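Per-chain numbering from 1; labels A, B, C and D assigned in written order.
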Amino acid sequence: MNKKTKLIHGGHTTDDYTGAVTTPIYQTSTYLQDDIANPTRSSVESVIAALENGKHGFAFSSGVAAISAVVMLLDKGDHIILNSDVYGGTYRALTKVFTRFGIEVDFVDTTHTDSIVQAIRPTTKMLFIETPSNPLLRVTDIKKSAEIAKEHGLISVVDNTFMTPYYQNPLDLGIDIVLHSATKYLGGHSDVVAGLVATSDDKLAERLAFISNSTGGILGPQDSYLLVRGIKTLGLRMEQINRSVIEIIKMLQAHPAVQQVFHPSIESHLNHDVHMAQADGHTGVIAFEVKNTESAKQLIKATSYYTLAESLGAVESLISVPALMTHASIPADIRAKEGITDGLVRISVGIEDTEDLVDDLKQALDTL
Amino acid sequence: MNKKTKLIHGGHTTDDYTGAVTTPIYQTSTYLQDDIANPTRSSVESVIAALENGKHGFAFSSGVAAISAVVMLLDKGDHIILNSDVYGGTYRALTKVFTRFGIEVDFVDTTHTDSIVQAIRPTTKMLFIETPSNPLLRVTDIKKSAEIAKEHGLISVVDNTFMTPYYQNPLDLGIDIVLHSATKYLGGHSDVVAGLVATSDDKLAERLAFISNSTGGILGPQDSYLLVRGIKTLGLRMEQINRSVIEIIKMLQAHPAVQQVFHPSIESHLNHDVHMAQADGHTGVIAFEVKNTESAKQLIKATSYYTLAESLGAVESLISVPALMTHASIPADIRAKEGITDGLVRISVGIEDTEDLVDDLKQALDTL
Amino acid sequence: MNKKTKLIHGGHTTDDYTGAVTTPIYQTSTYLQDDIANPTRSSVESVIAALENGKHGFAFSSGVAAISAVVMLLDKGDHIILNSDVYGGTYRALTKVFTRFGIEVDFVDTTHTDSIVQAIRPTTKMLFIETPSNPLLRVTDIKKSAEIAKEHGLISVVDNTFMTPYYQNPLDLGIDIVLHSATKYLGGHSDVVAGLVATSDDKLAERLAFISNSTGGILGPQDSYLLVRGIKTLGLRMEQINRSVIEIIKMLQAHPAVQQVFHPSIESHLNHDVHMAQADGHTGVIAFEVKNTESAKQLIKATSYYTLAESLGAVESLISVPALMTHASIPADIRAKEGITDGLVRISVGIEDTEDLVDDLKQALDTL
Amino acid sequence: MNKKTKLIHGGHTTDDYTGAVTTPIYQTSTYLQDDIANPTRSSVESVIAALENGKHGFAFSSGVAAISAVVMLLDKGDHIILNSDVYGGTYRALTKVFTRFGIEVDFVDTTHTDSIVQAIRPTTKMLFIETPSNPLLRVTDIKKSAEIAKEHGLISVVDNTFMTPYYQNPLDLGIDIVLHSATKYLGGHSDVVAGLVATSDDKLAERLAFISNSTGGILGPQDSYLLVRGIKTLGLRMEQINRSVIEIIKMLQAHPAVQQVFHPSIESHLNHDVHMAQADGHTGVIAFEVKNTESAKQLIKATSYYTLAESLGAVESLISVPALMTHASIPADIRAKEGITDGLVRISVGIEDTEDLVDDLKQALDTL
């Protein structure tokens, strides 16, 4: 069964009782028992488990809540390894919340697999990896990270948001736990805040169930329905997005006002071979450098189809400046040391017409 | 402005943009900014803050998530005091999750105020109190607990679910943080899983905001709308429920098949004076003893308007046996030591006709 | 089974499949059949049929659509009798739409039963009656109108919106078809636009089904759920509203700035005996006269809890001036001839505190 | 601005007040005015007007309600011309409802443009055309029908459901009114029952507004939101569907168990040139003949990805037998006279993998 077919018929998204072709929305809190588990959420959990070739699905009220639940698998004193370019909510939550509970985090450049091995302490219990990462799209060898984690008794976790289960399946490569900010591509319509988590480990799933039930970050039934609905067009949107990405990159790495381009499809990109060995396609997130901050602001204004926004994975294309929005708290020269130059622009390719998206960026790049 | 009026006009539950008399449902995840916080949830947070005479409201995906967020105000090594008859999700989460993060919990019979003072360690940071508690409805002196907590530098938290803000306002009595399982009376229609938290402390609210944003247990916009909608009839439902409670208790403490009755309205009930000094009315939860487990099961079957269910605060009345449902894991003789006798029945009074609810219980009690 | 109990347990509003205590929301358009009718709407139709002691329920996308469907029971050439003080959507639709299809309408003062008999033509097929009517609250003898209609072979229809099924049951008095603008009291929260229609006639119900299916004005599943949810508090809201009505009228017929008061509870009101003989209570709609248009506008501004709005049956109380809003198209002196004086005010009593609602009106009436 | 871009940015589907990227859902019935039109529905009406290059949009509670509203533009005595192969709800409503109101309907084979001219009576006021029609997909010359209608003073109406506005724009060809059963492709997810109507005529739109407001078949705000959401992927779904259609037809017109194939893409299909002159693509509906009824039932059972269902325009592919389902009421030999042979199968191509959909049908056709 090919990929686009699995999105329509994978999982259980119908009603056995009435034959309804869509999951009923169970706005309800209690269920009567004949004598002395929301079905809408059970449907979306069934979908993510199917799409990731897992056995168990979990739906949280946000990607942040999904990550928080996974971290709570550890106790005080345990160490977790992350890719060093993590930022945003994940870095913020681990360093400013979970360290207060004795959970210690060590950031590691995981683009080199052996860096993970050097960082393993006797108290390390979890290896958490984003690939590709944000905003420079560093690629990490999923299959080797799984082998390292298994050989050292580590719970392996991959944030698969940027690739979606349509292009990258970490569970197939031996990873223990895969998770998504379903707010992005999975929902795909900028109208659901949600997290999704899949696993095949019976015992890890049981621990995840207890944590979720004891900390209460559950996804509501209305959001669960909108998630299932949006996932049904995941393959059509990702393929359209991938089509535009290839053409936009060709435009980008040929325009005089564009210096460096960051995307795993580029052959000179670090670990480009590794990405192709673990993925079927590409994320819609691209980063590129213009001359300076002044040019980046002009680019956003001259652009007609790129909306200035912070998120990604929408139907409409999004544009942003990391150095001005997500990394304005980091000192200016530390930004440069890690690549977040003042003229670095990030775009999230939507599902508009490919030629419209290529020409709109060029006519704006021509204004510099 | 009297109470029933405040439920209709307290908080901000209209749309300034269009004049809509109800809060628009913002199924959305990102908001565009002109140049380089969900309004539906902001509405329900505005309501609970108003109803509790607080300054800041917070809406979580469940009461469990609300409690979890409040506990995360502490660090590893901090101690929290609870009323010793806590059970269910709150006890389960504190003892099986948060102890793994070095947060130590000490249970205390808070029906005696001075018991709190004996239990205060140098590492105690929080005092968490349910009143009335479950299922025997023990009453705790809110005002004195607030004085103790303030005098010792303790964050004071009251679970106000059973009374609702319509009858008991812990913030008015000096408590730092008040919280609810909005799944119960506030939503009131058995169709929303939600938590609500109110405070007047600017600094506590700021810490709560960071925790909520870093752990992601947020209430969805559709559930937030249904919460605001249900709260609008809170006073009408609580007053109808209170009307039935008084009559049912009179029936209960006069029937030969009924031994002990547990409810704070009874004058011989422990701290009955204290409850009246801090409350305007009563919870719809009542506990009473029949002869044995056999009689309790017959009572549930002979009853026509009491539905066998686990929850409370619905429009329909609910019946359950704690020793068989919520406390079947505790050994049989420890149950007896704490009052959970095998023939103890708990009911949640709904909004059916009062005479219908009194006569239905009696005709069932007459079958024993 | 008393009234408040029937609102909670009448009809079928649970899920047999899962035991859910609330009706699942079936956002769906097609249902699979094993080999070669929306349950959410079927639930609300079950409720209105139960509440009106009918056999068949129908849910339309608006009260206008409900009335339109009922009128389409007739063919070109058929005559329908209405109470002469009909206006708004019903009058507008019959005179400006259905007359173009050869359906002829005759308005009749039905406060006198024998007026109906004089108006019966050989081509009369339907008798349509609002009681109490708008905005002067004229009362029509339901039981006698049913006898007249049956004796002459007329389909009898009563618009029961103002009384709701909680206080008036036209089907019990022999009427063929009863209908509501569920937008008002039934939904009760100013957030659902809906119509409801109940009947016991098997053959009339079959014709209604065909019309509804052939003209497509069906109520959606989300609105159907919110309708069922709102009806559950109908008795609590109507009784609170009735409590405020009695006190407000006592205030009104004793204030010097108030001339005539229109409400069926007043003993000098026309057919006051008839209303009490067919009803258990009162509508929340009241009309009263101040001196002039200038005073009416001041009254609306000086009022703190009465919101200037056009609708009725909300949780918040509403105030309006018919001569300025619903009847500004009728010439000035025809308004006077029918009682719509320039200082006539109409209020829809909500569920705020009774004393708050009485004192707020008086302090505003004192400003004149 | 190319087509896929217009689906994302055409119309107004954001919130000016907050900057929300999706239309707020206005569950509300009344809007307050400062001193003496649902925005969610206004959004979907804005979209269909934009997508069809019209000036005015209208959203109804069903396609049936949309058609009913359009027919009510006429008075008793007026004649309407339809394509003779209309059936289902449209034929049923016109012949069994609107004839009772003196609206006379004349069916005409409109595949020949001059047939319309012969059928024009002095009382003809409207020309209503489906193209392609159901289930044999007859094609009608839209541009010539518009010229005929304008030359004779006829309101021209095209049911554009099968093509969607992505492939066929009747307003651009001079048609007065275009309408859709948005339940099908526009919503596209089998979860919204809705009609949509667009026009550029200021006066026709005004009459449509009055009819809609006087008959009340309005689309709810929740359904309006789900409609806007589904339309955003219209181009991606239609193009995927069109891709599968071309390949399935090639498979179909080469399999020994398949006799006649009905689809406008086939060059021998009647008016194939006309369709290409007025359309950019194709509908997903295909009809083909197997040997007999026995083979058709085997085909449905042997098929793995075609679901036995009555509707069309879903994400999953659908299969049905007209002679057994939609035309079982017509006598057996009249079916043959009009082409509805007992072995005629109709499919609605979904968005599954193209190769999966071609191979699944062949392996099932091979079982005969």
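Everything that follows uses one rule, which is that a residue touches a chain if its C-beta (ideal position, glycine included) is under 8 Å from a C-beta of that chain, and two chains touch if they have at least 3 such contacts.
**Q** Over half of the residue-numbered contact pairs in common: that is the test. Which of C-D, A-D or A-B passes it against B-C?
**A** A-D
**Q** Pick the pair with more C-beta contacts: B-D or A-D?
**A** A-D
**Q** How big is the gap, in whole Å, between where the Cα atoms of chain A centre and where those of chain B centre?
**A** 37
**Q** How many Å are there between the centre of chain B and the centre of chain D, using C-alpha atoms for each centre?
**A** Here the centre of chain D sits 53 Å away from the centre of chain B.
**Q** Give, as an integer number of Å, the spacing between the C-alpha centres of chain D and chain A.
**A** Roughly 38 Å, centre to centre.
**Q** Can you pull out the residues of chain A that are in contact with at least two other chains?
**A** 21-22, 27-30, 32-33, 190-191, 226, 307, 309, 314, in rising order.
**Q** Spell out the residues on chain B that touch chain D in their complex, using ranges where they run on.
**A** Those residues of chain B that touch chain D are 14-22, 24-34, 39, 225.
**Q** Across the complex, what residues on chain D touch chain A?
**A** 1-5, 8-9, 21-22, 189-191, 226, 229, 232-233, 236-237, 240, 305, 307, 309, 314-316, 350-357
**Q** Can you list the chain A residues touching chain B in their complex?
**A** Contact set of chain A toward chain B: 27-30, 32-33, 35-36, 60-68, 72, 75-76, 89, 92-93, 96-97, 100-103, 183, 187, 190-193, 195, 210-211, 213-220, 222-223, 226, 297, 300, 307-311, 314, 321, 324-325.
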